[PDB]
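Participant: Pasting final.txt below, which is compact mmCIF, C-alpha atoms.
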```
# COMPACT_ATOMS: atom_id res chain seq x y z
CA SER A 1 -47.12 237.87 171.40
CA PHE A 2 -45.27 234.60 171.03
CA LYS A 3 -46.95 231.30 170.09
CA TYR A 4 -45.09 228.03 169.53
CA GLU A 5 -45.15 226.54 166.03
CA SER A 6 -44.49 222.83 165.53
CA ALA A 7 -42.05 223.29 162.62
CA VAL A 8 -40.86 226.90 162.67
CA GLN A 9 -39.28 228.05 159.40
CA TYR A 10 -36.25 230.24 158.84
CA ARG A 11 -37.08 233.92 158.63
CA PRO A 12 -34.54 236.71 158.85
CA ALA A 13 -35.17 239.66 161.16
CA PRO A 14 -36.41 242.62 159.14
CA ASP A 15 -33.59 244.85 157.79
CA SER A 16 -34.57 247.61 160.23
CA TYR A 17 -33.68 245.26 163.12
CA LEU A 18 -30.00 245.54 162.17
CA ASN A 19 -29.92 249.26 162.98
CA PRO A 20 -29.79 250.74 166.52
CA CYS A 21 -33.01 250.71 168.55
CA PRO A 22 -33.85 253.69 170.83
CA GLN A 23 -34.63 251.23 173.65
CA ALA A 24 -31.10 249.89 173.81
CA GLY A 25 -30.05 247.38 176.44
CA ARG A 26 -26.83 248.25 178.26
CA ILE A 27 -23.75 246.22 177.35
CA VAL A 28 -21.25 245.86 180.19
CA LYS A 29 -17.66 244.73 179.63
CA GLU A 30 -16.64 242.58 182.60
CA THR A 31 -13.33 241.16 183.73
CA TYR A 32 -12.93 238.21 186.07
CA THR A 33 -10.30 235.67 187.16
CA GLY A 34 -10.93 231.94 187.04
CA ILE A 35 -9.29 228.60 186.35
CA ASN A 36 -7.97 229.94 183.03
CA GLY A 37 -6.66 233.19 184.46
CA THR A 38 -7.95 236.72 183.98
CA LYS A 39 -10.46 236.97 181.14
CA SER A 40 -13.30 239.21 179.95
CA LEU A 41 -16.86 238.84 178.75
CA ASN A 42 -19.74 241.12 177.79
CA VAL A 43 -23.14 241.20 179.47
CA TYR A 44 -26.20 242.50 177.63
CA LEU A 45 -28.83 243.75 180.06
CA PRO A 46 -32.32 244.29 178.66
CA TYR A 47 -33.73 247.81 178.33
CA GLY A 48 -35.35 248.71 181.64
CA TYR A 49 -33.33 246.04 183.50
CA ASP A 50 -34.57 245.97 187.10
CA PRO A 51 -32.35 244.07 189.56
CA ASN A 52 -35.40 243.41 191.76
CA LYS A 53 -36.91 241.36 188.95
CA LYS A 54 -35.55 237.99 187.80
CA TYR A 55 -34.40 237.45 184.20
CA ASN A 56 -33.74 234.40 182.03
CA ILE A 57 -30.09 234.19 181.04
CA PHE A 58 -28.57 233.00 177.77
CA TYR A 59 -24.83 232.43 177.35
CA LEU A 60 -23.60 232.67 173.76
CA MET A 61 -20.20 231.60 172.44
CA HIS A 62 -18.30 233.00 169.43
CA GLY A 63 -16.59 230.94 166.73
CA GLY A 64 -13.00 230.14 165.80
CA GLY A 65 -10.72 233.15 165.42
CA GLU A 66 -13.22 235.34 167.30
CA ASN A 67 -13.50 236.76 170.84
CA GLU A 68 -15.86 237.94 173.59
CA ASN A 69 -16.46 241.23 171.72
CA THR A 70 -17.34 239.76 168.33
CA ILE A 71 -21.07 239.15 168.71
CA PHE A 72 -21.77 242.72 169.88
CA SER A 73 -19.31 244.22 167.36
CA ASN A 74 -20.07 245.96 164.05
CA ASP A 75 -19.50 242.62 162.34
CA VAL A 76 -22.57 241.08 163.98
CA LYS A 77 -24.70 243.67 165.83
CA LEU A 78 -26.74 241.04 167.69
CA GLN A 79 -27.68 243.66 170.31
CA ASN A 80 -29.73 245.57 167.72
CA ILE A 81 -31.83 242.50 166.95
CA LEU A 82 -32.17 241.79 170.68
CA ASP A 83 -33.21 245.40 171.38
CA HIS A 84 -35.80 245.53 168.58
CA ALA A 85 -37.23 242.09 169.39
CA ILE A 86 -37.64 242.87 173.10
CA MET A 87 -39.13 246.31 172.38
CA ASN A 88 -41.60 244.76 169.93
CA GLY A 89 -42.64 242.05 172.40
CA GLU A 90 -41.38 239.15 170.23
CA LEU A 91 -38.74 238.22 172.82
CA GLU A 92 -39.19 238.42 176.58
CA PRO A 93 -36.47 240.51 178.25
CA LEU A 94 -33.39 238.48 179.19
CA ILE A 95 -29.71 238.80 179.99
CA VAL A 96 -27.33 237.70 177.23
CA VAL A 97 -23.70 236.92 178.03
CA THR A 98 -20.92 236.63 175.47
CA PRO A 99 -17.82 234.99 177.00
CA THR A 100 -14.75 233.57 175.30
CA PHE A 101 -12.95 230.24 175.06
CA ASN A 102 -9.67 232.14 174.46
CA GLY A 103 -7.02 232.50 177.17
CA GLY A 104 -4.85 230.41 179.49
CA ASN A 105 -5.53 226.69 179.06
CA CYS A 106 -9.05 227.35 177.76
CA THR A 107 -10.36 225.72 174.58
CA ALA A 108 -13.79 225.41 172.92
CA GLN A 109 -13.82 221.80 174.15
CA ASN A 110 -13.00 222.45 177.81
CA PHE A 111 -14.74 225.80 178.36
CA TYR A 112 -17.63 224.20 180.31
CA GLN A 113 -15.27 223.73 183.29
CA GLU A 114 -14.62 227.48 183.65
CA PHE A 115 -18.31 228.11 182.80
CA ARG A 116 -19.46 226.09 185.83
CA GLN A 117 -16.90 227.31 188.35
CA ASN A 118 -16.18 230.90 187.43
CA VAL A 119 -18.48 232.33 184.74
CA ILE A 120 -21.89 231.52 186.24
CA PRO A 121 -20.99 232.57 189.81
CA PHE A 122 -19.37 235.79 188.60
CA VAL A 123 -22.17 236.92 186.29
CA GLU A 124 -25.13 235.69 188.31
CA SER A 125 -23.92 237.07 191.64
CA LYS A 126 -23.76 240.54 190.03
CA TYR A 127 -26.97 240.45 187.96
CA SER A 128 -30.52 239.25 188.68
CA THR A 129 -31.23 235.83 187.25
CA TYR A 130 -33.47 233.17 188.74
CA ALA A 131 -30.48 232.01 190.80
CA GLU A 132 -31.16 232.94 194.43
CA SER A 133 -27.53 232.18 195.18
CA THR A 134 -24.60 230.98 193.10
CA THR A 135 -23.77 227.87 195.11
CA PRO A 136 -23.94 224.66 193.05
CA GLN A 137 -27.34 224.22 194.71
CA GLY A 138 -28.61 227.68 193.76
CA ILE A 139 -27.45 227.31 190.16
CA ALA A 140 -29.00 223.84 189.77
CA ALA A 141 -32.29 225.12 191.22
CA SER A 142 -32.48 227.81 188.53
CA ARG A 143 -31.48 225.62 185.54
CA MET A 144 -34.85 225.98 183.75
CA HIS A 145 -34.01 229.68 183.25
CA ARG A 146 -30.51 229.24 181.92
CA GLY A 147 -29.52 228.59 178.32
CA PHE A 148 -26.31 228.11 176.37
CA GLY A 149 -25.58 228.45 172.66
CA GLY A 150 -22.79 229.26 170.23
CA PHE A 151 -21.59 229.34 166.62
CA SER A 152 -19.15 226.93 164.94
CA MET A 153 -16.41 226.21 167.49
CA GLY A 154 -18.90 227.78 169.92
CA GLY A 155 -21.45 225.24 168.69
CA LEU A 156 -18.98 222.53 169.69
CA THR A 157 -18.62 224.33 173.04
CA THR A 158 -22.41 224.13 173.37
CA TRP A 159 -22.52 220.34 172.89
CA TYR A 160 -19.82 219.94 175.55
CA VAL A 161 -21.63 222.12 178.07
CA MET A 162 -24.72 220.07 177.30
CA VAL A 163 -23.15 216.71 178.11
CA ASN A 164 -21.40 218.16 181.18
CA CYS A 165 -23.79 220.77 182.57
CA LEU A 166 -27.32 219.40 182.26
CA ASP A 167 -27.54 219.99 185.99
CA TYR A 168 -27.06 223.74 185.40
CA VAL A 169 -28.59 224.42 181.97
CA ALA A 170 -31.94 223.46 180.40
CA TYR A 171 -31.91 225.14 176.97
CA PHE A 172 -29.24 224.59 174.29
CA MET A 173 -28.70 226.34 170.98
CA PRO A 174 -25.87 224.76 168.99
CA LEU A 175 -25.39 226.77 165.78
CA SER A 176 -23.38 225.31 162.89
CA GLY A 177 -21.30 223.02 165.08
CA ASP A 178 -21.33 219.31 165.77
CA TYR A 179 -20.38 217.22 168.78
CA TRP A 180 -16.85 215.87 168.42
CA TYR A 181 -17.18 212.96 170.80
CA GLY A 182 -17.46 209.65 169.00
CA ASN A 183 -16.44 207.80 165.84
CA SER A 184 -20.02 207.68 164.51
CA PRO A 185 -23.23 209.73 164.74
CA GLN A 186 -24.57 206.88 166.88
CA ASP A 187 -21.65 207.26 169.30
CA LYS A 188 -22.47 210.97 169.47
CA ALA A 189 -26.17 210.42 170.16
CA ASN A 190 -25.41 207.66 172.68
CA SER A 191 -23.01 209.91 174.63
CA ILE A 192 -25.74 212.56 174.90
CA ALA A 193 -28.28 209.92 175.92
CA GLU A 194 -25.96 208.63 178.64
CA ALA A 195 -25.48 212.18 179.95
CA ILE A 196 -29.25 212.59 180.10
CA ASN A 197 -29.63 209.21 181.88
CA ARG A 198 -27.01 210.20 184.47
CA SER A 199 -28.74 213.55 185.11
CA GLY A 200 -32.03 211.83 186.03
CA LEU A 201 -33.89 214.55 184.07
CA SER A 202 -37.20 213.99 182.30
CA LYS A 203 -37.76 214.81 178.63
CA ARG A 204 -39.63 217.93 179.77
CA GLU A 205 -36.53 219.35 181.45
CA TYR A 206 -34.01 219.91 178.64
CA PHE A 207 -34.48 221.39 175.18
CA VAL A 208 -32.28 221.56 172.10
CA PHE A 209 -32.91 224.00 169.26
CA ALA A 210 -30.10 223.38 166.76
CA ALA A 211 -29.60 225.39 163.59
CA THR A 212 -27.41 225.85 160.54
CA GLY A 213 -27.60 226.97 156.89
CA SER A 214 -28.27 224.62 153.97
CA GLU A 215 -25.00 225.95 152.51
CA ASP A 216 -23.01 225.95 155.74
CA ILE A 217 -20.34 223.20 155.79
CA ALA A 218 -21.35 222.37 159.39
CA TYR A 219 -24.47 220.73 157.94
CA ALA A 220 -22.43 217.71 156.74
CA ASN A 221 -21.66 216.50 160.27
CA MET A 222 -24.63 218.04 162.10
CA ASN A 223 -27.31 216.41 160.00
CA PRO A 224 -26.28 212.78 160.67
CA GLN A 225 -25.93 213.55 164.40
CA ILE A 226 -29.40 215.14 164.46
CA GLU A 227 -30.90 212.09 162.69
CA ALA A 228 -29.26 209.73 165.18
CA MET A 229 -30.55 211.84 168.10
CA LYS A 230 -34.07 211.83 166.61
CA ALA A 231 -34.08 208.03 166.97
CA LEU A 232 -33.40 208.26 170.73
CA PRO A 233 -36.37 208.02 173.10
CA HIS A 234 -34.80 210.99 174.96
CA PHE A 235 -35.86 213.43 172.23
CA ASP A 236 -39.33 214.29 170.91
CA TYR A 237 -38.82 216.15 167.62
CA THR A 238 -40.79 219.42 167.18
CA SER A 239 -40.15 223.14 167.72
CA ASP A 240 -43.29 223.28 169.88
CA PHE A 241 -41.54 222.98 173.26
CA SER A 242 -44.90 222.66 175.02
CA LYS A 243 -45.03 219.23 173.34
CA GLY A 244 -41.45 218.18 172.64
CA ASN A 245 -37.84 219.19 173.17
CA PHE A 246 -35.78 218.94 169.97
CA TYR A 247 -35.62 220.78 166.64
CA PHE A 248 -33.17 221.42 163.79
CA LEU A 249 -33.70 224.58 161.75
CA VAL A 250 -31.94 224.59 158.39
CA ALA A 251 -31.94 227.99 156.64
CA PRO A 252 -32.19 227.67 152.83
CA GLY A 253 -29.18 229.20 151.07
CA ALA A 254 -27.45 230.43 154.22
CA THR A 255 -23.69 230.09 154.44
CA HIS A 256 -21.17 229.95 157.33
CA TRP A 257 -21.36 233.61 158.34
CA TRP A 258 -22.69 235.60 161.32
CA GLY A 259 -24.72 237.66 158.84
CA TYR A 260 -27.02 234.65 158.61
CA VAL A 261 -26.40 233.07 162.01
CA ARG A 262 -27.68 236.13 163.90
CA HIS A 263 -31.05 235.43 162.28
CA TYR A 264 -31.08 231.85 163.59
CA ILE A 265 -30.84 233.40 167.06
CA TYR A 266 -33.69 235.78 166.23
CA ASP A 267 -35.77 232.74 165.17
CA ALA A 268 -34.75 230.40 167.99
CA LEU A 269 -34.30 232.53 171.13
CA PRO A 270 -38.03 233.44 171.41
CA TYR A 271 -38.68 229.68 171.80
CA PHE A 272 -36.63 229.51 175.02
CA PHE A 273 -37.55 229.70 178.72
CA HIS A 274 -41.36 229.25 178.66
CA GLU A 275 -41.52 225.75 180.10
CA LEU A 276 -42.17 225.87 183.85
CA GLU A 277 -41.71 229.65 183.61
CA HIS A 278 -42.89 231.83 186.48
CA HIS A 279 -45.10 234.13 184.47
CA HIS A 280 -48.65 233.39 183.42
CA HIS A 281 -48.32 233.21 179.62
CA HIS A 282 -50.24 231.48 176.81
CA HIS A 283 -47.92 230.21 174.08
```
Written as structure tokens, how would this file's structure read?
Facilitator:
Amino acid sequence: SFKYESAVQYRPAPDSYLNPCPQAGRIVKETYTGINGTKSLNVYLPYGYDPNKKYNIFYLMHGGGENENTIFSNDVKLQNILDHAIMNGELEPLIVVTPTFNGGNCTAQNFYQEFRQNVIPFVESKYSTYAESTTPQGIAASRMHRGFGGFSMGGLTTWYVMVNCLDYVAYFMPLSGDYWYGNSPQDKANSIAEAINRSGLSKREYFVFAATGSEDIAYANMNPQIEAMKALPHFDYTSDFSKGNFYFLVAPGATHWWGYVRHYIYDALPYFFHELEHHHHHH
């Protein structure tokens, strides 16, 4: 049963978590048409998915050179970790979506546009999230139960959906990717602060759990950005999201590889979606 820690440490999922779990969530390959043409994504539904219940939803972006199938492929096997963690009660059941920034005019930088207009309404009109409808209003009203994250170029994607979709998304998990908007870490932090100001949101209404490896080249640009963000009044640094809203997990020895990054998700995802949640839980 999950309890917040104030400075959670890196810990890989046990080796057994990388093998198939008997209580396997169903993975559905979807195809949809949006502002970047016809594209696909995968939807992980938790074991025992019941469409007359409401589930948190976490959108997760691949890295450069990858696609919408990568994260659930033999090269990553994230679904096995998800399955084991949900079965063991470490992670509350949720829907995980793996889209792609490939195709048409789409890029890692501009993906948030298609995310808002096409991806959310397509996925969340078919599956049971906290969105009662998929109008802009219905999506905004369910933002506390929606998360976005991604690795490398997908980490960059994450920062851009953050600055552009605070109205729709409350939880962010940028993994090994920095925000490429500014000529200094202060410019970066200030852009995020301005986005938060514009949104009108309180510090209890958005959460960032960033992560990388101590030997991942992304650290070089992430770390200065994180330090600059720490100095903003908009962020209270701690992994205990009952108290604050910002943390940066750095895994000792880990390099730029999904073999490690999948474990950051195992560590970080259980921290999401408890603030203003609809269940009666003690964390």
Participant: Taking into account all atoms listed in the file, which residue in the set A:77, A:145, A:62, A:84 is nearest to residue 278 (chain A)?
Facilitator: A:145
Participant: May I ask for the distance between CA of residue 236 (chain A) and CA of residue 266 (chain A), given in Å to one decimal place?
Facilitator: 22.7 Å
Participant: Name the residues in contact with residue 225 (chain A) at a cut-off of 10 Å, using all atoms listed in the file, excluding same-chain residues fewer than 3 positions from it; report them as JSON, numbers by chain.
Facilitator: {"A": [178, 179, 184, 185, 186, 187, 188, 189, 219, 220, 221, 222, 228, 229, 230]}
Participant: What's the separation between CA of residue 102 (chain A) and CA of residue 168 (chain A), in Å to one decimal place?
Facilitator: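 Result for CA of residue 102 (chain A) versus CA of residue 168 (chain A): 22.2 Å, one decimal.
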Participant: Which residues are close to residue 172 (chain A), i.e. within 12 Å by only C-alpha atoms, leaving aside same-chain residues fewer than 3 positions away? Reply as a PyMOL selection string.
Facilitator: chain A and resi 57-61+143-151+154-163+165-166+168-169+175+205-211+245-248+265+268-269+271-273
Participant: Find the distance between CA of residue 277 (chain A) and CA of residue 239 (chain A) and write it in Å to one decimal.
Facilitator: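 Going from CA of residue 277 (chain A) over to CA of residue 239 (chain A) covers 17.2 Å.
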Participant: Within 10 Å of residue 259 (chain A), counting all atoms listed in the file, which residues qualify if same-chain residues fewer than 3 places away don't, as number ranges by chain?
Facilitator: A: 12, 75-78, 254-256, 262-264
Participant: Determine the axis-aligned bounding box of all atoms of region 231-238 of chain A present in the file, pad each side by 4 Å, and express its centre and edge lengths in Å to one decimal place as AutoDock Vina command-line options.
Facilitator:
```
--center_x -37.1 --center_y 213.7 --center_z 171.0 --size_x 15.4 --size_y 19.4 --size_z 16.0
```
Participant: Measuring atom to atom with only C-alpha atoms, identify which of A:164, A:223, A:135, A:16 is nearest to residue 110 (chain A).
Facilitator: A:164
Participant: Nearest to residue 7 (chain A): which of A:132, A:30, A:240, A:194 is it, counting all atoms listed in the file?
Facilitator: A:240
Participant: Kindly indicate which residue among A:174, A:244, A:103, A:253 lies nearest to residue 37 (chain A), using all atoms listed in the file for the distances.
Facilitator: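 That would be A:103, the residue with the smallest distance to residue 37 (chain A).
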Participant: Smallest atom-to-atom distance to residue 113 (chain A): which of A:217, A:234, A:34, A:23, using all atoms listed in the file?
Facilitator: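 Smallest distance to residue 113 (chain A) is found for A:34.
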Participant: Output requested as a PDB file, keeping the file's coordinate frame - region 238-265 of chain A, filled out with N, CA and C atoms.
Facilitator:
```pdb
ATOM      1  N   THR A 238     -39.822 218.354 167.505  1.00  0.00           N
ATOM      2  CA  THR A 238     -40.790 219.420 167.180  1.00  0.00           C
ATOM      3  C   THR A 238     -40.269 220.726 167.804  1.00  0.00           C
ATOM      4  N   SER A 239     -40.543 221.858 167.163  1.00  0.00           N
ATOM      5  CA  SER A 239     -40.150 223.140 167.720  1.00  0.00           C
ATOM      6  C   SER A 239     -41.181 223.627 168.756  1.00  0.00           C
ATOM      7  N   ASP A 240     -42.314 222.939 168.848  1.00  0.00           N
ATOM      8  CA  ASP A 240     -43.290 223.280 169.880  1.00  0.00           C
ATOM      9  C   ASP A 240     -42.805 222.659 171.185  1.00  0.00           C
ATOM     10  N   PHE A 241     -42.114 223.459 171.996  1.00  0.00           N
ATOM     11  CA  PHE A 241     -41.540 222.980 173.260  1.00  0.00           C
ATOM     12  C   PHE A 241     -42.571 222.741 174.378  1.00  0.00           C
ATOM     13  N   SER A 242     -43.832 223.085 174.123  1.00  0.00           N
ATOM     14  CA  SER A 242     -44.900 222.660 175.020  1.00  0.00           C
ATOM     15  C   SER A 242     -45.209 221.187 174.790  1.00  0.00           C
ATOM     16  N   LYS A 243     -44.702 220.623 173.696  1.00  0.00           N
ATOM     17  CA  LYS A 243     -45.030 219.230 173.340  1.00  0.00           C
ATOM     18  C   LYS A 243     -43.795 218.344 173.246  1.00  0.00           C
ATOM     19  N   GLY A 244     -42.671 218.928 172.845  1.00  0.00           N
ATOM     20  CA  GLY A 244     -41.450 218.180 172.640  1.00  0.00           C
ATOM     21  C   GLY A 244     -40.239 219.009 173.038  1.00  0.00           C
ATOM     22  N   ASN A 245     -39.053 218.589 172.616  1.00  0.00           N
ATOM     23  CA  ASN A 245     -37.840 219.190 173.170  1.00  0.00           C
ATOM     24  C   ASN A 245     -36.649 219.245 172.217  1.00  0.00           C
ATOM     25  N   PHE A 246     -36.891 219.102 170.918  1.00  0.00           N
ATOM     26  CA  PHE A 246     -35.780 218.940 169.970  1.00  0.00           C
ATOM     27  C   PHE A 246     -36.175 219.427 168.585  1.00  0.00           C
ATOM     28  N   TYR A 247     -35.355 220.290 167.993  1.00  0.00           N
ATOM     29  CA  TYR A 247     -35.620 220.780 166.640  1.00  0.00           C
ATOM     30  C   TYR A 247     -34.325 221.149 165.945  1.00  0.00           C
ATOM     31  N   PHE A 248     -34.340 221.103 164.612  1.00  0.00           N
ATOM     32  CA  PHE A 248     -33.170 221.420 163.790  1.00  0.00           C
ATOM     33  C   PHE A 248     -33.625 222.312 162.654  1.00  0.00           C
ATOM     34  N   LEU A 249     -33.292 223.597 162.745  1.00  0.00           N
ATOM     35  CA  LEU A 249     -33.700 224.580 161.750  1.00  0.00           C
ATOM     36  C   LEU A 249     -32.588 224.690 160.723  1.00  0.00           C
ATOM     37  N   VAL A 250     -32.926 224.485 159.453  1.00  0.00           N
ATOM     38  CA  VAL A 250     -31.940 224.590 158.390  1.00  0.00           C
ATOM     39  C   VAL A 250     -32.371 225.717 157.447  1.00  0.00           C
ATOM     40  N   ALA A 251     -31.585 226.785 157.393  1.00  0.00           N
ATOM     41  CA  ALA A 251     -31.940 227.990 156.640  1.00  0.00           C
ATOM     42  C   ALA A 251     -31.532 227.832 155.181  1.00  0.00           C
ATOM     43  N   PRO A 252     -32.506 227.864 154.254  1.00  0.00           N
ATOM     44  CA  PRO A 252     -32.190 227.670 152.830  1.00  0.00           C
ATOM     45  C   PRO A 252     -31.248 228.736 152.273  1.00  0.00           C
ATOM     46  N   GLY A 253     -30.122 228.296 151.716  1.00  0.00           N
ATOM     47  CA  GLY A 253     -29.180 229.200 151.070  1.00  0.00           C
ATOM     48  C   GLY A 253     -28.129 229.832 151.967  1.00  0.00           C
ATOM     49  N   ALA A 254     -28.317 229.726 153.281  1.00  0.00           N
ATOM     50  CA  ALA A 254     -27.450 230.430 154.220  1.00  0.00           C
ATOM     51  C   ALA A 254     -26.092 229.755 154.294  1.00  0.00           C
ATOM     52  N   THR A 255     -25.054 230.575 154.362  1.00  0.00           N
ATOM     53  CA  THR A 255     -23.690 230.090 154.440  1.00  0.00           C
ATOM     54  C   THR A 255     -23.111 230.323 155.838  1.00  0.00           C
ATOM     55  N   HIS A 256     -21.855 229.913 156.027  1.00  0.00           N
ATOM     56  CA  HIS A 256     -21.170 229.950 157.330  1.00  0.00           C
ATOM     57  C   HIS A 256     -20.702 231.352 157.666  1.00  0.00           C
ATOM     58  N   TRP A 257     -21.625 232.182 158.152  1.00  0.00           N
ATOM     59  CA  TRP A 257     -21.360 233.610 158.340  1.00  0.00           C
ATOM     60  C   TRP A 257     -22.352 234.194 159.346  1.00  0.00           C
ATOM     61  N   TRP A 258     -21.842 234.976 160.297  1.00  0.00           N
ATOM     62  CA  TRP A 258     -22.690 235.600 161.320  1.00  0.00           C
ATOM     63  C   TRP A 258     -23.834 236.424 160.736  1.00  0.00           C
ATOM     64  N   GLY A 259     -23.665 236.911 159.509  1.00  0.00           N
ATOM     65  CA  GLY A 259     -24.720 237.660 158.840  1.00  0.00           C
ATOM     66  C   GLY A 259     -26.007 236.862 158.771  1.00  0.00           C
ATOM     67  N   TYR A 260     -25.877 235.550 158.584  1.00  0.00           N
ATOM     68  CA  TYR A 260     -27.020 234.650 158.610  1.00  0.00           C
ATOM     69  C   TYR A 260     -27.301 234.122 160.016  1.00  0.00           C
ATOM     70  N   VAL A 261     -26.242 233.744 160.725  1.00  0.00           N
ATOM     71  CA  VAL A 261     -26.400 233.070 162.010  1.00  0.00           C
ATOM     72  C   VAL A 261     -27.149 233.928 163.036  1.00  0.00           C
ATOM     73  N   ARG A 262     -26.928 235.239 163.007  1.00  0.00           N
ATOM     74  CA  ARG A 262     -27.680 236.130 163.900  1.00  0.00           C
ATOM     75  C   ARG A 262     -29.188 235.961 163.730  1.00  0.00           C
ATOM     76  N   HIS A 263     -29.622 235.635 162.522  1.00  0.00           N
ATOM     77  CA  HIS A 263     -31.050 235.430 162.280  1.00  0.00           C
ATOM     78  C   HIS A 263     -31.560 234.115 162.862  1.00  0.00           C
ATOM     79  N   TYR A 264     -30.685 233.113 162.951  1.00  0.00           N
ATOM     80  CA  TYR A 264     -31.080 231.850 163.590  1.00  0.00           C
ATOM     81  C   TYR A 264     -31.403 232.147 165.052  1.00  0.00           C
ATOM     82  N   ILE A 265     -30.625 233.039 165.658  1.00  0.00           N
ATOM     83  CA  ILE A 265     -30.840 233.400 167.060  1.00  0.00           C
ATOM     84  C   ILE A 265     -32.147 234.183 167.201  1.00  0.00           C
TER      85      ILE A 265
END
```
